[PDB]
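Visitor: Here you go, one structure.
Neighbour counts are summed over all protein chains in view; Cβ atoms, including those assigned to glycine, are modelled from backbone coordinates with ideal geometry. Only the coordinates and a few stated rules stand behind these numbers; no lab work does.
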Amino acid sequence: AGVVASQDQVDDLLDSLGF
Amino acid sequence: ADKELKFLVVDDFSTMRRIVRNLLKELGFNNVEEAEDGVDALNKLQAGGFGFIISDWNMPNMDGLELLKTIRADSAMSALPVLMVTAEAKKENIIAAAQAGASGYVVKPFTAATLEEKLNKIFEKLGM
Ligand code: BEF
Ligand SMILES: [Mg+2]
């Protein structure tokens, strides 16, 4: 779980941080 | 966007560059050049005329993060779209790329739909 395994996970991450 | 927009596709892996370059061609973009690492990429960005960069992270000589930082630091290239397309999925690093000013972030393996979706998103944000 230190790793992302999907595009959605990356999108959600970047979104959650104002990107 | 202008179907004559000049793309630079940067990846150490020949096969992946074929993937990206072909997708661009299929989307209407036939003005596409390639670099195998960051040093190569910057040499090529100097001759100018490029409008969009798609870059890998892990490459010899200069990686895609140092390349992103150099492009953003250069007043001649500082607003050029740099889309990361990489196997690198550790959160602290995706964060690093985005803080360094990446225009987007696509993880490998990707679908053609994803690449298209991320491209059209950049075009709109920047009015291309
Ligand atoms: F080697 Be790349 F960062 F997927
Ligand atoms: Mg690589």
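Visitor: Given the criteria over 22 Å from A:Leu13 (Cβ atoms) and surrounded by 18 or more Cβ atoms within 10 Å (Cβ to Cβ), does B:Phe52 qualify? Can you show your working first?
Guide: Working: over 22 Å from A:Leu13 (Cβ atoms): yes; surrounded by 18 or more Cβ atoms within 10 Å (Cβ to Cβ): yes.
Yes, satisfied.
Visitor: Another question, then. So B:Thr15 passes all but one of these: (1) surrounded by 15 or more Cβ atoms within 10 Å (Cβ to Cβ); (2) within 16 Å of ligand 2 (Cβ to nearest atom); (3) away from every other protein chain (no Cβ under 14 Å). Which condition number does it fail?
Guide: (1)
So that you can scan it fast, the table gives a plain yes or no per residue for (1) more than 16 Å from ligand 1 (Cβ to nearest atom); (2) among the acidic types (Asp, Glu):
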| position | (1), (2) |
| --- | --- |
| B:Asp11 | no, yes |
| B:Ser14 | no, no |
| B:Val32 | yes, no |
| B:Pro60 | no, no |
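Visitor: Given (1) in contact with a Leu (Cβ under 7 Å, 6 or more places away or on another chain); (2) over 21 Å from B:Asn120 (Cα atoms), where does B:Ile53 come up short, assuming only one miss?
Guide: (2)
Visitor: While we're here: Which of the following residues is within 11 Å of ligand 1 (Cβ to nearest atom), under 14 Å from the mean Cα position of the chain (by Cα) and surrounded by fewer than 18 Cβ atoms within 10 Å (Cβ to Cβ): B:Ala87, B:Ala79, B:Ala97? Can you show your working first?
Guide: Values: B:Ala79 fails: within 11 Å of ligand 1 (Cβ to nearest atom); B:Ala97 fails: surrounded by fewer than 18 Cβ atoms within 10 Å (Cβ to Cβ).
Within the list B:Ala87, B:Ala79, B:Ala97, the selection yields B:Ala87.
Visitor: B:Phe29: buried (at least 19 other Cβ atoms within 10 Å of the Cβ), in contact with a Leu (Cβ under 8 Å, 6 or more places away or on another chain) and over 14 Å from B:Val82 (Cα atoms), yes or no? Give the steps one after another, and end with the answer.
Guide: Details: buried (at least 19 other Cβ atoms within 10 Å of the Cβ): yes; in contact with a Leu (Cβ under 8 Å, 6 or more places away or on another chain): yes; over 14 Å from B:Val82 (Cα atoms): yes.
For B:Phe29, the condition - buried (at least 19 other Cβ atoms within 10 Å of the Cβ), in contact with a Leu (Cβ under 8 Å, 6 or more places away or on another chain) and over 14 Å from B:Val82 (Cα atoms) - is met.
Visitor: Another question, if that's okay. Just checking, which of B:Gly38, B:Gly64 is more than 17 Å from B:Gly104 (Cβ to Cβ) and within 16 Å of ligand 1 (Cβ to nearest atom)? Show your work before the answer.
Guide: Details: B:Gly64 fails: more than 17 Å from B:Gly104 (Cβ to Cβ).
Step by step, each of B:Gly38, B:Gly64 is checked, and only B:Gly38 is more than 17 Å from B:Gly104 (Cβ to Cβ) and within 16 Å of ligand 1 (Cβ to nearest atom).
Visitor: Does B:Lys6 count as surrounded by fewer than 19 Cβ atoms within 10 Å (Cβ to Cβ) and away from every other protein chain (no Cβ under 14 Å)?
Guide: So B:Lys6 fits the description; yes.
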